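The figures that follow rest on heavy atoms only: side chains count, while hydrogens, waters and symmetry mates do not. Per chain, numbering begins at 1; letters A, B, ... match sequence-line order.
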Amino acid sequence: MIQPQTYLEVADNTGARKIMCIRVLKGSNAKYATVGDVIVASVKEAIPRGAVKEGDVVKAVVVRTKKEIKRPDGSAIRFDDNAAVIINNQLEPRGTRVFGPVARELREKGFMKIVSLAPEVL
Amino acid sequence: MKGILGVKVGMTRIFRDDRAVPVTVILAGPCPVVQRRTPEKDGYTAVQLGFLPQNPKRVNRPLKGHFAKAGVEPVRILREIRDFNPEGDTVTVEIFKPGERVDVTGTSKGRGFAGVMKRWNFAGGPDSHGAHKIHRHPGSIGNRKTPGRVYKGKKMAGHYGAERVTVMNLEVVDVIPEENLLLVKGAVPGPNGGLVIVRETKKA
Amino acid sequence: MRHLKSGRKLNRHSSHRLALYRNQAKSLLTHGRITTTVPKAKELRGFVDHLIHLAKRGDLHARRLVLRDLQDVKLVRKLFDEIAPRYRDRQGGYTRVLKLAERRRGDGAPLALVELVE
Amino acid sequence: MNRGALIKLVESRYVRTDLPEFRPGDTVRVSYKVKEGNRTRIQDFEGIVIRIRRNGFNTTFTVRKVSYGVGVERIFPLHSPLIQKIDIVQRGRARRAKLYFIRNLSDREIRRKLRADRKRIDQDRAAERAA
Amino acid sequence: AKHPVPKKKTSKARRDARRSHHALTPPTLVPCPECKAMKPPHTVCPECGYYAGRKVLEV
Amino acid sequence: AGXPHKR
RNA sequence: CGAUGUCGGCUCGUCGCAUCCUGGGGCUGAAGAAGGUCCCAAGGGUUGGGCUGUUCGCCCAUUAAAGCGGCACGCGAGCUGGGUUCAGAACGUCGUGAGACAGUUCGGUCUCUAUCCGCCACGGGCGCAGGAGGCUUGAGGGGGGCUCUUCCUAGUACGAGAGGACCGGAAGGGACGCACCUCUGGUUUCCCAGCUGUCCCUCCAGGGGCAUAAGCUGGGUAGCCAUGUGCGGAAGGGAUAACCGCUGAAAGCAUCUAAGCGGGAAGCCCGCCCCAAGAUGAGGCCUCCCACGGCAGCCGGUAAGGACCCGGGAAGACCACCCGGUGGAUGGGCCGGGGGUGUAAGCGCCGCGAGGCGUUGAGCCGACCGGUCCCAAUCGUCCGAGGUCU
RNA sequence: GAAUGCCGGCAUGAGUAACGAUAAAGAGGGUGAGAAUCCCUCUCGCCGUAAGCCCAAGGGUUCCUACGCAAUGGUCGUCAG
Ligand SMILES: [Mg+2]
Ligand SMILES: [Mg+2]
Ligand SMILES: [Mg+2]
Ligand SMILES: [Mg+2]
Ligand SMILES: [Mg+2]
Ligand SMILES: [Mg+2]
Ligand SMILES: [Mg+2]
Ligand SMILES: [Mg+2]
Ligand SMILES: [Mg+2]
Ligand SMILES: [Mg+2]
Ligand SMILES: [Mg+2]
Ligand SMILES: [Mg+2]
Ligand SMILES: [Mg+2]
Ligand SMILES: [Mg+2]
Ligand SMILES: [Mg+2]
Ligand SMILES: [Mg+2]
Ligand SMILES: [Mg+2]
Ligand SMILES: [Mg+2]
Ligand SMILES: [Mg+2]
Ligand SMILES: [Mg+2]
Ligand SMILES: [Mg+2]
Ligand SMILES: [Mg+2]
Ligand SMILES: [Mg+2]
Ligand SMILES: [Mg+2]
Ligand SMILES: [Mg+2]
Ligand SMILES: [Mg+2]
Ligand SMILES: [Mg+2]
Ligand SMILES: [Mg+2]
Ligand SMILES: [Mg+2]
Ligand SMILES: [Mg+2]
Ligand SMILES: [Mg+2]
Ligand SMILES: [Mg+2]
Ligand SMILES: [Mg+2]
Ligand SMILES: [Mg+2]
Ligand SMILES: [Mg+2]
Ligand SMILES: [Mg+2]
Ligand SMILES: [Mg+2]
Ligand SMILES: [Mg+2]
Ligand SMILES: [Mg+2]
Ligand SMILES: [Mg+2]
Ligand SMILES: [Mg+2]
Ligand SMILES: [Mg+2]
Ligand SMILES: [Mg+2]
Ligand SMILES: [Mg+2]
Ligand SMILES: [Mg+2]
Ligand SMILES: [Mg+2]
Ligand SMILES: [Mg+2]
Ligand SMILES: [Mg+2]
Ligand SMILES: [Mg+2]
Ligand SMILES: [Mg+2]
Ligand SMILES: [Mg+2]
Ligand SMILES: [Mg+2]
Ligand SMILES: [Mg+2]
Ligand SMILES: [Mg+2]
Ligand SMILES: [Mg+2]
Ligand SMILES: [Mg+2]
Ligand SMILES: [Mg+2]
Ligand SMILES: [Mg+2]
Ligand SMILES: [Mg+2]
Ligand SMILES: [Mg+2]
Ligand SMILES: [Mg+2]
Ligand SMILES: [Mg+2]
Ligand SMILES: [Mg+2]
Ligand SMILES: [Mg+2]
Ligand SMILES: [Mg+2]
Ligand SMILES: [Mg+2]
Ligand SMILES: [Mg+2]
Ligand SMILES: [Mg+2]
Ligand SMILES: [Mg+2]
Ligand SMILES: [Mg+2]
Ligand SMILES: [Mg+2]
Ligand SMILES: [Mg+2]
Ligand SMILES: [Mg+2]
Ligand SMILES: [Mg+2]
Ligand SMILES: [Mg+2]
Ligand SMILES: [Mg+2]
Ligand SMILES: [Mg+2]
Ligand SMILES: [Mg+2]
Ligand SMILES: [Mg+2]
Ligand SMILES: [Mg+2]
Ligand SMILES: [Mg+2]
Ligand SMILES: [Mg+2]
Ligand SMILES: [Mg+2]
Ligand SMILES: [Mg+2]
Ligand SMILES: [Mg+2]
Ligand SMILES: [Mg+2]
Ligand SMILES: [Mg+2]
Ligand SMILES: [Mg+2]
Ligand SMILES: [Mg+2]
Ligand SMILES: [Mg+2]
Ligand SMILES: [Mg+2]
Ligand SMILES: [Mg+2]
Ligand SMILES: [Mg+2]
Ligand SMILES: [Mg+2]
Ligand SMILES: [Mg+2]
Ligand SMILES: [Mg+2]
Ligand SMILES: [Mg+2]
Ligand SMILES: [Mg+2]
Ligand SMILES: [Mg+2]
Ligand SMILES: [Mg+2]
Ligand SMILES: [Mg+2]
Ligand SMILES: [Mg+2]
Ligand SMILES: [Mg+2]
Ligand SMILES: [Mg+2]
Ligand SMILES: [Mg+2]
Ligand SMILES: [Mg+2]
Ligand SMILES: [Mg+2]
Ligand SMILES: [Mg+2]
Ligand SMILES: [Mg+2]
Ligand SMILES: [Mg+2]
Ligand SMILES: [Mg+2]
Ligand SMILES: [Mg+2]
Ligand SMILES: [Mg+2]
Ligand SMILES: [Mg+2]
Ligand SMILES: [Mg+2]
Ligand SMILES: [Mg+2]
Ligand SMILES: [Mg+2]
Ligand SMILES: [Mg+2]
Ligand SMILES: [Mg+2]
Ligand SMILES: [Mg+2]
Ligand SMILES: [Mg+2]
Ligand SMILES: [Mg+2]
Ligand SMILES: [Mg+2]
Ligand SMILES: [Mg+2]
Ligand SMILES: [Mg+2]
Ligand SMILES: [Mg+2]
Ligand SMILES: [Mg+2]
Ligand SMILES: [Mg+2]
Ligand SMILES: [Mg+2]
Ligand SMILES: [Mg+2]
Ligand SMILES: [Mg+2]
Ligand SMILES: [Mg+2]
Ligand SMILES: [Mg+2]
Ligand SMILES: [Mg+2]
Ligand SMILES: [Mg+2]
Ligand SMILES: [Mg+2]
Ligand SMILES: [Mg+2]
Ligand SMILES: [Mg+2]
Ligand SMILES: [Mg+2]
Ligand SMILES: [Mg+2]
Ligand SMILES: [Mg+2]
Ligand SMILES: [Mg+2]
Ligand SMILES: [Mg+2]
Ligand SMILES: [Mg+2]
Ligand SMILES: [Mg+2]
Ligand SMILES: [Mg+2]
Ligand SMILES: [Mg+2]
Ligand SMILES: [Mg+2]
Ligand SMILES: [Mg+2]
Ligand SMILES: [Mg+2]
Ligand SMILES: [Mg+2]
Ligand SMILES: [Mg+2]
Ligand SMILES: [Mg+2]
Ligand SMILES: [Mg+2]
Ligand SMILES: [Mg+2]
Ligand SMILES: [Mg+2]
Ligand SMILES: [Mg+2]
Ligand SMILES: [Mg+2]
Ligand SMILES: [Mg+2]
Ligand SMILES: [Mg+2]
Ligand SMILES: [Mg+2]
Ligand SMILES: [Mg+2]
Ligand SMILES: [Mg+2]
Ligand SMILES: [Mg+2]
Ligand SMILES: [Mg+2]
Ligand SMILES: [Mg+2]
Ligand SMILES: [Mg+2]
Ligand SMILES: [Mg+2]
Ligand SMILES: [Mg+2]
Ligand SMILES: [Mg+2]
Ligand SMILES: [Mg+2]
Ligand SMILES: [Mg+2]
Ligand SMILES: [Mg+2]
Ligand SMILES: [Mg+2]
Ligand SMILES: [Mg+2]
Ligand SMILES: [Mg+2]
Ligand SMILES: [Mg+2]
Ligand SMILES: [Mg+2]
Ligand SMILES: [Mg+2]
Ligand SMILES: [Mg+2]
Ligand SMILES: [Mg+2]
Ligand SMILES: [Mg+2]
Ligand SMILES: [Mg+2]
Ligand SMILES: [Mg+2]
Ligand SMILES: [Mg+2]
Ligand SMILES: [Mg+2]
Ligand SMILES: [Mg+2]
Ligand SMILES: [Mg+2]
Ligand SMILES: [Mg+2]
Ligand SMILES: [Mg+2]
Ligand SMILES: [Mg+2]
Ligand SMILES: [Mg+2]
Ligand SMILES: [Mg+2]
Ligand SMILES: [Mg+2]
Ligand SMILES: [Mg+2]
Ligand SMILES: [Mg+2]
Ligand SMILES: [Mg+2]
Ligand SMILES: [Mg+2]
Ligand SMILES: [Mg+2]
Ligand SMILES: [Mg+2]
Ligand SMILES: [Mg+2]
Ligand SMILES: [Mg+2]
Ligand SMILES: [Mg+2]
Ligand SMILES: [Mg+2]
Ligand SMILES: [Mg+2]
Ligand SMILES: [Mg+2]
Ligand SMILES: [Mg+2]
Ligand SMILES: [Mg+2]
Ligand SMILES: [Mg+2]
Ligand SMILES: [Mg+2]
Ligand SMILES: [Mg+2]
Ligand SMILES: [Mg+2]
Ligand SMILES: [Mg+2]
Ligand SMILES: [Mg+2]
Ligand SMILES: [Mg+2]
Ligand SMILES: [Mg+2]
Ligand SMILES: [Mg+2]
Ligand SMILES: [Mg+2]
Ligand SMILES: [Mg+2]
Ligand SMILES: [Mg+2]
Ligand SMILES: [Mg+2]
Ligand SMILES: [Mg+2]
Ligand SMILES: [Mg+2]
Ligand SMILES: [Mg+2]
Ligand SMILES: [Mg+2]
Ligand SMILES: [Mg+2]
Ligand SMILES: [Mg+2]
Ligand SMILES: [Mg+2]
Ligand SMILES: [Mg+2]
Ligand SMILES: [Mg+2]
Ligand SMILES: [Mg+2]
Ligand SMILES: [Mg+2]
Ligand SMILES: [Mg+2]
Ligand SMILES: [Zn+2]
């Protein structure tokens with residue numbers, strides 16, 4: 001449940017640290033973004049000399065949420081933060097690493113690169 | 001147009017192909033036929049179904065005479081299923097198989113006098129910024145001198161629920177003939193213990 | 001909505017309502033029979049039937065439990081020594097409520113008696 | 001009729017009795033059958049059980065873990081057929097029935113608050129001496 | 001608000017039509033099987049003190 | 001770098 | 001002018017169509033794709049932000065689209081009160097001055113009680129020619145009506161290439177709607193535990209009040225719920241719009257038309273869901289009572305039935321509705337289970353002690369699922385047909 | 001017959017709003033024609049830098065006792081300033 005104004009950690013080495021969702025790229029008027037949904041974001045905090053810098057308007061895919069996501073098998077999974085991975089217009093990651101676990105929902109949603117770079121897929 | 005009377009018993013989930021499927025459990029049969037509606041005599045076609053046995057001590061004479069002509073023990077409720085003429089003289093859950101698709105009718109839970117926010121999902125008022133005793137009020141209800149009145153059907157506060165509701169196209173997940181049970185995926189109107197009607201769907 | 005909720009409110013907040021029940025319990029267990037309004041009477045039944053049943057157990061844990069409501073040690077003694085023994089073979093139902101025929105004058109309220117059973 | 005018995009009757013085909021009893025505060029490894037791309041796998045999830053909400057067949061339990069610097073909580077139905085096995089890896093003694101407070105604690109604060117439930121540990125070791 | 005107020009005096013006919021629902025229903029009363037007095041059903045008889053066939057209360 | 005920063 | 005509250009916002013809509021999108025078309029300087037432009041179409045839809053009192057507008061990020069207008073520039077006995085529009089104050093400017101300025105600036109009392117119409121809900125009465133208990137037909141209303149992406153067809157037709165379809169077929173969404181509580185997530189005013197201060201019971205131990213209308217804190221059943229779950233828009237039939245025809249004169253040719261007949265829209269009718277015989281045009285079917293006594297009328301006693309009263313209820317403001325009333329499981333208790341809390345008190349043992357260990361998943365324990373006549377629905381009363389005329 | 005006329009009487013709104021701090025009550029026993037409301041007892045709750053006590057102002061018999069309840073008391077009243 002990410003929506004405009006929501007801050008997210010960036011789980012990659014793109015240089016970003018914190019992004020604030022400014023749009024949920026899901027149809028005409030999606031209220032929320034969950035795992036696997038792409039957002040548009042402003043970069044609110046970056047480390048010096050990165051691929052992205054503070055003030056960039058980037059796209060990112062939500063890779064884990066503090067709201068638990070439910071699964072057709074009757075189980076759920078929840079994380080301790082909202083994290084996302086900065087991507088390009090071809091849904092490819094813009095960094096070389098991703099940090100922390102990601103939700104397996106990314107695989108079925110079409111983000112095979114990120115899932116591979118993930119240390120754990122839960 | 002097969003149909004059967006039932007009582008809603010409660011909800012659960014079962015597992016089916018490593019997938020959790022929320023179900024609501026309905027006790028349907030057995031349902032004797034007590035009167036058949038014919039085009040020759042009644043102008044249409046239907047079966048009057050009985051359901052749930054009744055203590056004869058509390059069945060009055062005119063009803064007792066009705067059951068008698070049918071050859072049926074006294075029953076609690078009588079409901080008709082329209083355009084349905086079962087070959088037998090008793091309808092059970094076995095008229096439904098798993099994977100079929102049904103419409104379920106029940107009486108929704110009664111909320112009594114419901115405000116405009118619960119009944120009609122109105123937005124109410126602000127909760128600060130000067131809002132003055134209107135937090136749950138409906139707002140304007142009209143215009144001014146033209147038309148100088150309120151439309152019929154204007155959404156307002158009033159009784160909500162305890163009405164007939166049909167939810168449609170529910171998958172029949174399982175049927176347990178030994179206990180007249182019927183598992184249906186999803187949500188069925190009404191409280192546990194209420195009277196439901198299960199009919200073959202009208203969705204193609 | 002009030003769907004499947006147990007418990008009268010009796011237009012008292014939570015600590016006043018518990019105190020109402022405790023004071024009525026003391027009065028019933030003291031006099032054997034008391035007059036109240038019908039709604040209060042109907043609520044007393046459960047509250048007192050539990051204290052009596054605990055008195056049937058008789059152990060020290062029961063006494064301290066019952067003391068939490070009744071507070072009066074002599075009263076509990078009468079409950080454990082005199083009242084509870086006469087119910088030893090009775091499975092619940094230690095209290096009865098019978099309605100009275102005349103209402104109060106000043107507020108028309110319907111009255112009932114609540115008594116301990118024989 | 002007894003509506004409650006009818007529901008328990010519906011649930012009886014799916015009730016499991018092979019899984020070990022455990023309590024909040026116990027550290028646990030759940031072997032869980034997942035599907036990834038084509039095939040299906042067994043992925044272990046090991047952590048402290050922070051709650052067990054009971055509803056007969058519909059009872060569920062939450063297991064919390066720190067994975068690569070991120071807290072992960074996972075909820076499992078206790079009678080889920082996707083559960084291959086559950087290995088008790090440690091018995092912890094809690095004083096609460098729900099342990100959400102360990103979300104705000106460091107690793108050494110948790111270790112100090114949830115210490116080994118020596119009693120039930122002895123019980124496990126006394127069993128398994130079944131012969 | 002802006003203080004709503006009757007626009008016209010209610011007519012004799014109209015205020016009496018309002019009151020067509022105000023007649024009291026007489027108290028419902030059964031005879032007491034002991035003393036034969038008229039009393040409300042399901043109450044202890046206030047005349048002889050009996051209910052359910054036995055003496056319950058002093059009159 | 002929490003948590004929002006000032007700078 | 002013995003008062004028609006004046007901008008904007010919010011809330012709630014509803015209508016028009018000169019149509020923003022979606023559906024159907026003709027022309028194109030239409031290869032395809034994507035456009036342009038005109039015609040038909042008002043069913044549905046028509047996003048979230050920054051600035052500003054703003055309407056408007058500009059901008060950011062999206063979108064199928066971010067339509068324009070009416071309804072007293074819709075809506076202050078619905079809310080707001082930022083602007084404007086009293087009294088205070090100041091700036092620029094004008095005036096000798098008092099003062100003044102659709103110039104600016106800071107501040108600045110928006111009235112508990114709805115009689116009538118109207119609207120949302122719910123009853124009472126009478127009627128529907130015997131009196132009743134059931135089950136129904138549906139005249140006529142109302143609700144609903146949205147849409148995108150990806151894949152297959154097929155990198156095919158078209159195209160130098162870039163690019164890239166029609167038709168047909170799958171899958172997955174967004175917003176909205178109805179219902180629901182198994183799951184996820186709330187609440188859960190006393191369901192359990194822990195805690196501080198104080199006063200008290202009874203000194204220890206154990207407890208009770210108060211600290212909020214829960215003292216505080218950690219939890220939390222049923223219920224009510226959404227963030228959660230199911231399901232819905234349809235399909236289909238029919239008649240049409242623009243538009244395209246078949247056959248065809250008048251008018252030897254031609255012409256969709258004058259006779260006749262096709263095709264053709266998210267739109268119209270039906271279909272789906274809900275209300276519904278006060279539909280006074282008051283419908284239909286099944287069943288029950290039965291022709292009573294006394295001078296289309298009266299008074300009585302009754303029949304079938306119903307009401308009263310009572311125990312209650314996921315029904316409910318009252319009313320109504322539904323269930324039950326001893327031939328009974330309706331509520332209360334009690335028992336069993338569930339569920340919550342998380343190992344009571346007492347005792348024993350270890351420690352100088354705070355405590356710890358065992359007894360012990362103990363004790364307590366709302367509503368949920370059941371059982372059990374232990375308590376209470378005692379006993380009764382009053383209404384209620386004899387059926388108009390051709 | 002009108003002057004938002006004057007004085008008085010009586011209507012309507014209506015058995016409606018309200019009955020004046022949300023500190024809170026319950027039972028038993030008295031009294032009496034009559035009692036939720038007066039007296040007594042027990043239980044409960046509220047104030048306690050007061051919601052307790054003592055002066056001053058102002059008020060002017062409101063103090064105490066007996067006997068009463070038409071009106072006054074926002075209900076009742078056997079009680080009371
Ligand atoms: Mg990093
Ligand atoms: Mg840099
Ligand atoms: Mg910066
Ligand atoms: Mg990256
Ligand atoms: Mg990290
Ligand atoms: Mg990997
Ligand atoms: Mg199955
Ligand atoms: Mg029934
Ligand atoms: Mg129902
Ligand atoms: Mg029904
Ligand atoms: Mg209902
Ligand atoms: Mg209700
Ligand atoms: Mg409301
Ligand atoms: Mg709502
Ligand atoms: Mg609702
Ligand atoms: Mg609603
Ligand atoms: Mg709102
Ligand atoms: Mg709100
Ligand atoms: Mg508020
Ligand atoms: Mg105000
Ligand atoms: Mg105000
Ligand atoms: Mg107001
Ligand atoms: Mg307010
Ligand atoms: Mg007006
Ligand atoms: Mg106006
Ligand atoms: Mg008009
Ligand atoms: Mg209703
Ligand atoms: Mg409905
Ligand atoms: Mg489907
Ligand atoms: Mg069965
Ligand atoms: Mg019901
Ligand atoms: Mg509510
Ligand atoms: Mg409420
Ligand atoms: Mg109940
Ligand atoms: Mg109740
Ligand atoms: Mg209570
Ligand atoms: Mg109250
Ligand atoms: Mg009150
Ligand atoms: Mg009170
Ligand atoms: Mg009251
Ligand atoms: Mg309190
Ligand atoms: Mg006492
Ligand atoms: Mg006595
Ligand atoms: Mg009394
Ligand atoms: Mg009382
Ligand atoms: Mg109890
Ligand atoms: Mg009685
Ligand atoms: Mg009475
Ligand atoms: Mg009185
Ligand atoms: Mg009174
Ligand atoms: Mg159940
Ligand atoms: Mg793995
Ligand atoms: Mg850890
Ligand atoms: Mg500790
Ligand atoms: Mg410790
Ligand atoms: Mg231990
Ligand atoms: Mg107002
Ligand atoms: Mg006001
Ligand atoms: Mg007013
Ligand atoms: Mg007038
Ligand atoms: Mg009037
Ligand atoms: Mg008059
Ligand atoms: Mg008159
Ligand atoms: Mg008159
Ligand atoms: Mg009237
Ligand atoms: Mg009235
Ligand atoms: Mg009446
Ligand atoms: Mg004027
Ligand atoms: Mg005037
Ligand atoms: Mg005027
Ligand atoms: Mg006026
Ligand atoms: Mg047009
Ligand atoms: Mg279009
Ligand atoms: Mg088009
Ligand atoms: Mg040309
Ligand atoms: Mg084209
Ligand atoms: Mg075109
Ligand atoms: Mg339209
Ligand atoms: Mg429109
Ligand atoms: Mg703005
Ligand atoms: Mg800002
Ligand atoms: Mg402008
Ligand atoms: Mg487009
Ligand atoms: Mg906008
Ligand atoms: Mg406009
Ligand atoms: Mg105009
Ligand atoms: Mg408009
Ligand atoms: Mg104008
Ligand atoms: Mg203007
Ligand atoms: Mg206006
Ligand atoms: Mg206005
Ligand atoms: Mg106003
Ligand atoms: Mg305004
Ligand atoms: Mg107005
Ligand atoms: Mg108004
Ligand atoms: Mg309003
Ligand atoms: Mg202001
Ligand atoms: Mg202002
Ligand atoms: Mg301005
Ligand atoms: Mg101003
Ligand atoms: Mg100057
Ligand atoms: Mg000058
Ligand atoms: Mg000059
Ligand atoms: Mg000025
Ligand atoms: Mg001016
Ligand atoms: Mg001006
Ligand atoms: Mg200017
Ligand atoms: Mg200025
Ligand atoms: Mg100020
Ligand atoms: Mg009115
Ligand atoms: Mg009002
Ligand atoms: Mg009028
Ligand atoms: Mg009626
Ligand atoms: Mg009849
Ligand atoms: Mg009938
Ligand atoms: Mg019908
Ligand atoms: Mg119709
Ligand atoms: Mg009509
Ligand atoms: Mg229609
Ligand atoms: Mg449509
Ligand atoms: Mg291809
Ligand atoms: Mg190509
Ligand atoms: Mg081809
Ligand atoms: Mg080519
Ligand atoms: Mg297609
Ligand atoms: Mg809509
Ligand atoms: Mg709804
Ligand atoms: Mg529900
Ligand atoms: Mg609901
Ligand atoms: Mg729940
Ligand atoms: Mg539940
Ligand atoms: Mg929960
Ligand atoms: Mg839940
Ligand atoms: Mg709950
Ligand atoms: Mg308690
Ligand atoms: Mg303790
Ligand atoms: Mg201290
Ligand atoms: Mg204490
Ligand atoms: Mg003492
Ligand atoms: Mg002590
Ligand atoms: Mg105290
Ligand atoms: Mg205090
Ligand atoms: Mg207090
Ligand atoms: Mg506080
Ligand atoms: Mg406490
Ligand atoms: Mg709490
Ligand atoms: Mg909670
Ligand atoms: Mg939702
Ligand atoms: Mg859908
Ligand atoms: Mg041609
Ligand atoms: Mg031709
Ligand atoms: Mg020709
Ligand atoms: Mg023609
Ligand atoms: Mg045609
Ligand atoms: Mg053709
Ligand atoms: Mg056609
Ligand atoms: Mg469509
Ligand atoms: Mg109907
Ligand atoms: Mg009729
Ligand atoms: Mg009907
Ligand atoms: Mg008509
Ligand atoms: Mg007529
Ligand atoms: Mg007729
Ligand atoms: Mg009829
Ligand atoms: Mg017919
Ligand atoms: Mg009731
Ligand atoms: Mg009743
Ligand atoms: Mg009622
Ligand atoms: Mg009825
Ligand atoms: Mg009935
Ligand atoms: Mg009955
Ligand atoms: Mg009966
Ligand atoms: Mg009876
Ligand atoms: Mg009966
Ligand atoms: Mg029962
Ligand atoms: Mg029972
Ligand atoms: Mg009850
Ligand atoms: Mg249990
Ligand atoms: Mg348990
Ligand atoms: Mg211990
Ligand atoms: Mg112990
Ligand atoms: Mg020692
Ligand atoms: Mg337990
Ligand atoms: Mg207990
Ligand atoms: Mg139990
Ligand atoms: Mg349940
Ligand atoms: Mg029995
Ligand atoms: Mg009798
Ligand atoms: Mg005169
Ligand atoms: Mg004159
Ligand atoms: Mg005059
Ligand atoms: Mg005047
Ligand atoms: Mg006037
Ligand atoms: Mg004058
Ligand atoms: Mg005058
Ligand atoms: Mg005068
Ligand atoms: Mg006068
Ligand atoms: Mg005079
Ligand atoms: Mg006068
Ligand atoms: Mg007068
Ligand atoms: Mg008057
Ligand atoms: Mg009057
Ligand atoms: Mg009234
Ligand atoms: Mg009254
Ligand atoms: Mg009124
Ligand atoms: Mg008032
Ligand atoms: Mg009132
Ligand atoms: Mg007041
Ligand atoms: Mg008061
Ligand atoms: Mg008062
Ligand atoms: Mg106060
Ligand atoms: Mg207060
Ligand atoms: Mg206080
Ligand atoms: Mg008491
Ligand atoms: Mg009292
Ligand atoms: Mg008293
Ligand atoms: Mg007395
Ligand atoms: Mg009194
Ligand atoms: Mg008294
Ligand atoms: Mg008093
Ligand atoms: Mg006294
Ligand atoms: Mg002090
Ligand atoms: Mg103090
Ligand atoms: Mg004076
Ligand atoms: Mg007096
Ligand atoms: Mg008096
Ligand atoms: Mg008097
Ligand atoms: Mg005198
Ligand atoms: Mg007075
Ligand atoms: Mg008086
Ligand atoms: Mg007064
Ligand atoms: Mg006297
Ligand atoms: Mg005195
Ligand atoms: Zn008698």
**Request:** Determine which nucleotide pairs with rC256(G), using a 3.5 Å limit on both distances of a Watson-Crick or G-U wobble pair.
**Result:** none
**Message:** So for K69(B) and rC286(G), does any side-chain atom that can act as donor or acceptor lie under 3.5 Å from a complementary atom in the base?
**Reply:** no
**Request:** Write down the distance between CG (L28(C)) and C1' (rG28(H)), rounded to a whole number of angstrom.
**Result:** 12 Å
**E43(C) side chain vs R8(C) backbone, donor-acceptor pair below 3.5 Å** = yes
**Residue whose closest nucleotide on RNA chain H lies nearer the 5' end, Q71(C) versus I34(C)** = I34(C)
Under 3.5 Å between N/O atoms: give me all the protein pairs with nucleotides 69-77 of chain H, atom names plus distance.
residue: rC76(H); atom: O3'; partner: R105(C); partner atom: NH1; Å: 3.4
residue: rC76(H); atom: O3'; partner: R105(C); partner atom: NH2; Å: 3.2
residue: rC76(H); atom: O2'; partner: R105(C); partner atom: NH1; Å: 2.9
residue: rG77(H); atom: OP1; partner: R105(C); partner atom: NH2; Å: 3.2

**Message:** Using the P atom as the point on both nucleotides, what is the distance between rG118(G) and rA317(G), in whole Å?
**Reply:** 24 Å
**Prompt:** Roughly how far apart, to the nearest Å, are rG185(G) and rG328(G) at atom P?
**Reply:** 47 Å
**Item:** Contact summary for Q3(A) and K31(A), nearest pair of heavy atoms
**Value:** CB-O, 3.5 Å
**Message:** If I take atom CG in residue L51(C) and atom P in nucleotide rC334(G), what distance separates them, rounded to the nearest angstrom?
**Reply:** 10 Å
**Prompt:** Is the shortest distance from a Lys or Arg side-chain nitrogen in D37(A) or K109(A) to a carboxylate oxygen in the other one below 4.0 Å?
**Reply:** yes
**Prompt:** Where the side chain of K56(C) meets the backbone of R90(C), is there a donor-acceptor pair that is under 3.5 Å apart?
**Reply:** yes
**Asked** Salt bridge check: are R93(D) and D117(D) linked by an N-O gap of less than 4.0 Å?
**Response** no
**Request:** Let me have a per-nucleotide readout for nucleotides 188-198 of chain G, 5' to 3', with B, S or -, counting only protein heavy atoms under 4.0 Å.
**Result:** -SB---S----
**Prompt:** Given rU378(G), is OP1 or OP2 found less than 4.0 Å from the side-chain N or O atoms of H42(E)?
**Reply:** yes
**Polar pair under 3.5 Å, donor/acceptor by atom type, side chain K203(B), base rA235(G)** = no
**Prompt:** Rounded to the Å, how far apart are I52(C) CD1 and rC374(G) P?
**Reply:** 17 Å
**Message:** Checking base pairs now: Watson-Crick or wobble, both atom distances under 3.5 Å. What partners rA80(H)?
**Reply:** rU72(H)
**Prompt:** Does the side chain of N55(B) get closer than 4.0 angstrom to OP1 or OP2 of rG328(G) through an N or O atom?
**Reply:** yes
**Request:** Quick one: label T35(C) by what it contacts on the DNA or RNA (base, sugar-phosphate, nothing), any heavy atom closer than 4.0 Å.
**Result:** sugar-phosphate
**Prompt:** For RNA chain H, whose closest nucleotide is more 5', that of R103(C) or that of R33(C)?
**Reply:** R33(C)
**Item:** Rounded interatomic separation in angstrom, taking CE from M156(B) and P from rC122(G)
**Value:** 15 Å
**Prompt:** Nearest-Å distance, OH (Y94(C)) to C1' (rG333(G))?
**Reply:** 8 Å
**Asked** Between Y160(B) and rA179(G), does any side-chain N or O lie under 4.0 Å from OP1 or OP2?
**Response** yes
**Message:** Whether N121(B) contacts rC178(G) is assessed here as follows: a side-chain N or O lying under 4.0 Å from the phosphate OP1 or OP2. Is that the case?
**Reply:** yes
